[PDB]
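K.L.:
Have a look at the structure that comes next, please.
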There are 2 protein chains.
Amino acid sequence: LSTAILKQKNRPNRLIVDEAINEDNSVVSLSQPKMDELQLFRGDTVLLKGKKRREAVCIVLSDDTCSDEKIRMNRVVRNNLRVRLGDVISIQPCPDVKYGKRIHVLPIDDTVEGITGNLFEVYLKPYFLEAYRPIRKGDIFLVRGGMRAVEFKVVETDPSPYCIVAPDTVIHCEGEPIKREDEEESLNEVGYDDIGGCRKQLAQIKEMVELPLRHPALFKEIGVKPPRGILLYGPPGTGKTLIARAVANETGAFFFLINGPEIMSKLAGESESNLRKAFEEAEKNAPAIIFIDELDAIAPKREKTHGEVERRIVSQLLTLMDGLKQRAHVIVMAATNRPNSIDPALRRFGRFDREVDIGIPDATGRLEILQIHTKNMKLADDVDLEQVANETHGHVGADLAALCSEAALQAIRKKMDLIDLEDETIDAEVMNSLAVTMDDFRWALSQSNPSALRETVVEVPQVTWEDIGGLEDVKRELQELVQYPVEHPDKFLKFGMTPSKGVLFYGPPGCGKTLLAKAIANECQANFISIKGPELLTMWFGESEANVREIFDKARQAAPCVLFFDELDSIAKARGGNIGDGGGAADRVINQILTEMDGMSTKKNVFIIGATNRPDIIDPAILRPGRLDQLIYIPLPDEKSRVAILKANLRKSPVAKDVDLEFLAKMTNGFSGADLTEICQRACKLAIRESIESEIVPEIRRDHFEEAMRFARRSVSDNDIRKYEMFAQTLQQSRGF
Amino acid sequence: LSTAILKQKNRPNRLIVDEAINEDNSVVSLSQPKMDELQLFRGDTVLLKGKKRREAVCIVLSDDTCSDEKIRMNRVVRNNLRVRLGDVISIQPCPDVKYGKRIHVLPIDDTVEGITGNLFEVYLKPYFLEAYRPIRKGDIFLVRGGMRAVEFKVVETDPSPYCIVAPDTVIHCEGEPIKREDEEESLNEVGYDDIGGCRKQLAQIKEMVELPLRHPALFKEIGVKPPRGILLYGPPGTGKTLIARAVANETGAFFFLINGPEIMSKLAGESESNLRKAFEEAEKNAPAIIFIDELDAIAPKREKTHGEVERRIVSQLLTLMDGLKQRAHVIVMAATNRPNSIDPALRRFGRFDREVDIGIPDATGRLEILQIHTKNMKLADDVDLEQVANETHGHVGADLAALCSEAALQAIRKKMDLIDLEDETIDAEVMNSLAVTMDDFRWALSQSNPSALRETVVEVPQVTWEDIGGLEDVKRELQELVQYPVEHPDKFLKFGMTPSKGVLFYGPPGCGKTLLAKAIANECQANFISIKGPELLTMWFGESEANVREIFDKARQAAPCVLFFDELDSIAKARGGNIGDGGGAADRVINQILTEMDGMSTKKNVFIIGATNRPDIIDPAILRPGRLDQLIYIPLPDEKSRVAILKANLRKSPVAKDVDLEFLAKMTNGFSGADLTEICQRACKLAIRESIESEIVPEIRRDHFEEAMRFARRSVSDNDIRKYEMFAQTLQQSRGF
Ligand SMILES: Nc1ncnc2c1ncn2[C@@H]1O[C@H](COP(=O)(O)OP(=O)(O)OP(O)(O)=S)[C@@H](O)[C@H]1O
Ligand SMILES: Nc1ncnc2c1ncn2[C@@H]1O[C@H](COP(=O)(O)OP(=O)(O)OP(O)(O)=S)[C@@H](O)[C@H]1O
Ligand SMILES: Nc1ncnc2c1ncn2[C@@H]1O[C@H](COP(=O)(O)OP(=O)(O)OP(O)(O)=S)[C@@H](O)[C@H]1O
Ligand SMILES: Nc1ncnc2c1ncn2[C@@H]1O[C@H](COP(=O)(O)OP(=O)(O)OP(O)(O)=S)[C@@H](O)[C@H]1O
Ligand SMILES: [Mg+2]
Ligand SMILES: [Mg+2]
């Protein structure tokens, strides 16, 4: 529903074109039935719209040879104009055009490379028939009679509308030929097709940029106003500049790029004039887009600033931006990488009220980035872009660009022996043999290049319910207070409660308190944030009180979200617990968590799950009825529960049928899940030890498990079982005394 | 009494006009009896006063057709001039007017759109009779003979008083027609009708602005002086700029707007001249109002300032403002969002002595804001603005503006399939089908848009006495020391005491110590401030000693107020209690609270209520006779008291008559109110679990309660009951040893 605009379906008229047996690759595709709805008369040309204001004209009504009701595929229409299939193309007439009078010929590498002669009748006579060069400023045509070597372009634009070359004219031989850099630079512009892994973010940009300007009367009738402030923020390298460069070409509005350091490097008083002129320009025309790059580099905080000239820029910006009215139709956009170093006065009502966050993509996001980035390189058949995306975790779109370059350099390293450093030019018989293989990427994933920045990742865990053995009742209970209050909200206002948000896990260590938290988030298809114990202690190093609030602020925006706190024992261990040094374990970070938890609304979908293994040093203040009410105890697995753990831990291992899984169930009594995992990890090393010494077979036998039982140590003493059971029944009574 | 001016009643002469059956909608309303009190002779026009210096003239003495003693409702008087009914309109004669001589015709979209011809006798002949265009600069009339399409306005103003067009003149055809932006911009000005949820605040502004200037002789006879400094402060987004923009149009005095960043962005020495000229202008005329926006952005603290030019502005302002005398009649107004970042020298006697605080509105306040904001949008019949106001808690007038825009965007999202992005213009047969439905707001209340700033809210709690079960004596006792010393102050000076302010609650947890504090505040119709335990610990992060004093300062101004401290155990838990690490639990925040409490006057209405559940680690210093004297102990509910708790917790649930409420009273012995609430919350989930699985009935049966008794755990041990009773009798003896 939210992304229904981007969908392109529900049209039986159109279909996918298969491979045809026709060899007619020198004619356009024209069909008769489509000719009955247009009102085109017997004119000269047909006007159509493509993309990026780039079209192409050819001979009309000349095919009548190929199949019908099918667009003929050509080897020249796949590079320009059209790039794919599934785009709606509309045509409209445009009379009162102005024909051209005099257009000269400007060659590049066709006349100077060969023979010049008269440049009129040398090779143009066999083409000047039935068409007086129907050319246009922005079209690249093709004509030759020799060795297939010709490339002609035009740069002079005398008329504003479309023009047609008239016969009986002269040739202006006093012009400068165009070089290669100019045509190459304005041919490889980026667009919406070069952005991968970001679909929801780009949907919101269109609804605020390509709708108020194109259809200004839509919002006037309703009575609402479009936003005039859009702010982009995220980690450095996500691709913020790509969005700015892509929205500047797909839209037919004026774009004015504003640099951050360029304004900051001007003289005294010169910086203030360029800002005024930028807006005085944009207010002249109705369609205008203003983009500012690195806003924080030009308008920092006014309290940590020692220079008056630096504050003058902030004052000038605050003066110029709030002076905009409705009829100006000016949209101001900005992008930065430090949302916290901003000045508070900018992100207020009227200046920057709408914000777009660019998060770190998951494997699906980076797969598309790799596919679109490696579209022109020569790849082999053993490559696999899906496998690479699984091993990369902290890689943003900037890292994938360098990874491919490193892989290409490693691939071409091995061809060092037949070329030389002092050699003049490389021979062409080895130029075509370079191809990136699978082993190239494996070496690139083991150096300092993958060493990048990695932060708190908000995504959906891949842990399923099949990886957890036993605990039938816990899984049922977890689904009755997370899945129900989200999928069917109508079941709660009828009886008249509010759902209870908050569950605390307690029990002996090594029972699987993290897999339960991940599986419930995976089942409901919600976000998951994992904050560990020591991370909160080390985060607070320079006494900053703004490093925990934005965690809740980020979790609130990504609704539904599951906020989980892991290893809650280390925090209580900082002071000691109930008595500690003499006070309590209610330290600086406990109060912030309690205050942020108490302020959450009852209509939100942010669910909080707690887990700990020290039910004797917990803070009584957190057990209040309204922060963490639910108490779930996970006991040690019994004989029946341990059957599934071994089968779940051996899914990817070729276990032989002779191994009796039920025999090891009764052998182990005081062993938890971690002990069984250790037993599996130890017993399967014997097969590797034997297989590596046999080389001077690849399957785990029965004798491998019998050897590890004499070395399997117990991790849970008999005294701890007697102590956990006491707190398993009387835990809510700890408050007060 | 305080708001008696705003009341409009006590007048039997006027009444409400109902619907009439007359179809005469082309004539003015004139009545005979009202013609006997005025002294208007047989002149030409009648002068009357409306609002915003905008009037309207028409044909006088021509109706004599409609009913009598009733103002006829018209379809053209509801847009301009008059907007409602109940305003006193007075008339006065004004002789010695100057008639006009030459007024040309300036069309907008009536002459250029069609046929021009001579522009004199084309369509104006059938109107030039019995009236020589009685027009005025500020009136919009209506005349047509075609398709009802005409809009004529005038911009040239040669005479100062009212003028009448004289016959036998010429037409000045050398003028520039007026565009659409100019007429639209000065038509939608904001006023007092666009401010909702603020009635008491606007009452004080009038008594200081629209009274000393209009009636300067009132204060001279008494011998007092009107204030010359008004400061506005509050959270960002409350609508401070609206008040400034509204008071500038409803008053007939000169207004000069002063920006904050615009002055700060000037050159060296240029900023000081604009400030001098602003006052040198205002001193010329008697009625003058000076408003400064964002005072803190121009005059910060002089100790945290590194620039000399920035301090020069503060020195210049301090020099210019105190130089004003009585006869200048100049009122200086300012508005800021950070009252603490101010310079101390400005908020003194003579510069800024009077301050207006704009608090966060309650549900009633935001309902009016929503009603006035959604006055032009197309709403459906299933909408309900009252329900939306209940779910929004931390929403200021700025947030409601964006909420409606988001709802409108969501409503128009679903119409994506019949319009296209590349389409030229939208057809008119779907332009009228857009309407906001109920489901639009539900989606808007679940995204990042409602995520706004929320602070300490001062309002009246909605908790009544019917939601509390038992405790007959506690409710009676609470009414004898809060309700009595406020409603009937005369009962205390006769016998000769001072009332005792301060009550401390102590007892086992989960008995309802917060509902008692809220109900007494609700009954007496007073404010309520809830400050929790951890909030005081986390507030003090950067060692600021000005974060607790303004809490008492704010509570003092909103008299009567009830200041309540919740969870007073965590503060004592910071050090340990009586012994702790070796010292005491009298930490940094205890002394501030004690010092602020000792300094309160005995004539104030600020009542302080304390509540805790740790009567063994309390500070003996706080039990002094004069801070917290009253000691109230809340015991566990008995069999009789628990009868009402279940009935109070099941008011919104359809409980069947077969469920015996008296059967569960004797079954529970050591269960407090929280345990019963948990039992209710657990037993009613079984009905939902059954109703969700039956779909592959909506009423709680008897078997749902019998299942939860086997899982109901006790939260109060037998040892804690024996310990609370000891302190319930000997608590005041803890002081000294
Ligand atoms: N989604 C993407 N698809 C393909 N290439 C991408 C993508 N995102 C980033 N890149 C590439 O990575 C580069 C990173 O540049 P940007 O992230 O745009 O720089 P930035 O956002 O301004 O942040 P800086 O430069 O580190 S301060 C881009 O220029 C592209 O070459
Ligand atoms: N039922 C189970 N089936 C398979 N593996 C399990 C099961 N329960 C636990 N494990 C594994 O045992 C290990 C326990 O890791 P954790 O989740 O960290 O344990 P924990 O309960 O969170 O307590 P700690 O303090 O972290 S050891 C992981 O490797 C799990 O994959
Ligand atoms: N009572 C109200 N009724 C209707 N609309 C309101 C009301 N209060 C605020 N608004 C709207 O919300 C906007 C908020 O602007 P203001 O609060 O006036 O800005 P400000 O008070 O100067 O504080 P800033 O701009 O955040 S520093 C107004 O411009 C209105 O559009
Ligand atoms: N007499 C009662 N009738 C109905 N509900 C009650 C009654 N007494 C308490 N409750 C409920 O029980 C819960 C107790 O919450 P609190 O007011 O926080 O308890 P408290 O006495 O303040 O002590 P703590 O430390 O906060 S648990 C709330 O959900 C109340 O609505
Ligand atoms: Mg773990
Ligand atoms: Mg309470």
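Here chain A follows Swiss-Prot, giving residues 12-707, 728-768 in order.
Method of determination (from the header): electron microscopy, 3.2 Å.
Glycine too: its Cβ is placed from the backbone N, Cα and C atoms.
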K.L.:
Of the residues A:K18, A:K486, give the one that Swiss-Prot describes as SUMO2 cross-link.
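P.N.:
Residue annotated SUMO2 cross-link in Swiss-Prot: A:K18.
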K.L.:
Which residue among A:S37, A:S42, A:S276, A:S541 does Swiss-Prot mark as phosphoserine?
P.N.:
A:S37
K.L.:
Among the residues A:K81, A:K315, which does Swiss-Prot list with the feature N6,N6,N6-trimethyllysine?
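P.N.:
Swiss-Prot records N6,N6,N6-trimethyllysine at A:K315.
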K.L.:
With A:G521 (ATP 2 binding site) as the reference Cα, tell me which of the recorded positions A:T249, A:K251, A:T436 is the closest one.
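P.N.:
Closest by Cα: A:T249.
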K.L.:
These are the recorded positions: A:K18, A:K315, A:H384, A:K502, A:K524. Which one scores highest on other Cβ atoms within 10 Å?
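P.N.:
Counting every other Cβ within 10 Å of each candidate, the maximum falls on A:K524.
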K.L.:
Going by C-alpha positions, which of the recorded positions (A:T249, A:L253, A:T436, A:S462, A:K505) is nearest A:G523 (ATP 2 binding site)?
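P.N.:
Nearest in space to A:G523 (ATP 2 binding site), counting only the recorded positions, is A:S462.
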K.L.:
Checking interface proximity: list the recorded positions among A:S13, A:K502, A:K505, A:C522, A:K524, A:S702 whose CB sits under 8 Å from a chain B CB, in sequence order.
P.N.:
A:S13, A:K502, A:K505
K.L.:
Considering the modified residues A:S13, A:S37, A:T436, which residue's Cβ sits among the greatest number of other Cβ atoms within 10 Å?
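P.N.:
In terms of Cβ crowding, the pick is A:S13.
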K.L.:
Reduced to three states, what secondary structure does DSSP give A:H384 (ATP 1 binding site)?
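P.N.:
DSSP call for A:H384 (ATP 1 binding site): helix.
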K.L.:
Taking the Cβ of A:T249 (ATP 1 binding site) as centre, how many other Cβ atoms lie within 10 Å?
P.N.:
23
K.L.:
Using C-alpha atoms, which one of the modified residues A:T436, A:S462, A:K505, A:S702, A:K754 comes nearest to A:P247 (ATP 1 binding site)?
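P.N.:
Result for A:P247 (ATP 1 binding site): the nearest of the modified residues is A:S462.
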K.L.:
Consider only the recorded positions A:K18, A:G523, A:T525: which of them have a Cβ under 6 Å from an atom of ligand 5? Write none if no residue does.
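P.N.:
Among the recorded positions listed, those whose Cβ sits under 6 Å from ligand 5 are A:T525.
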K.L.:
Using all protein chains in view, find how many other C-beta atoms are within 10 Å of the C-beta of A:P247 (ATP 1 binding site).
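P.N.:
11, counting other Cβ atoms within 10 Å of A:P247 (ATP 1 binding site).
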K.L.:
By Cβ count within 10 Å, point out the most packed of the binding-site residues listed: A:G521, A:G523.
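P.N.:
It comes out as A:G523.
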K.L.:
Going by Cα-Cα distance, pick out whichever of the binding-site residues A:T249, A:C522, A:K524, A:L526 is nearest to A:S37 (phosphoserine).
P.N.:
A:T249
K.L.:
If you measure A:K251 (ATP 1 binding site) to A:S462 (phosphoserine) at Cα, how many Å is it?
P.N.:
21
K.L.:
Please check each of the recorded positions A:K502, A:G523, A:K524 and report the ones with a CB atom less than 6 Å from an atom of ligand 2, ordered along the sequence.
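P.N.:
The recorded positions passing the 6 Å Cβ test are A:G523, A:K524.
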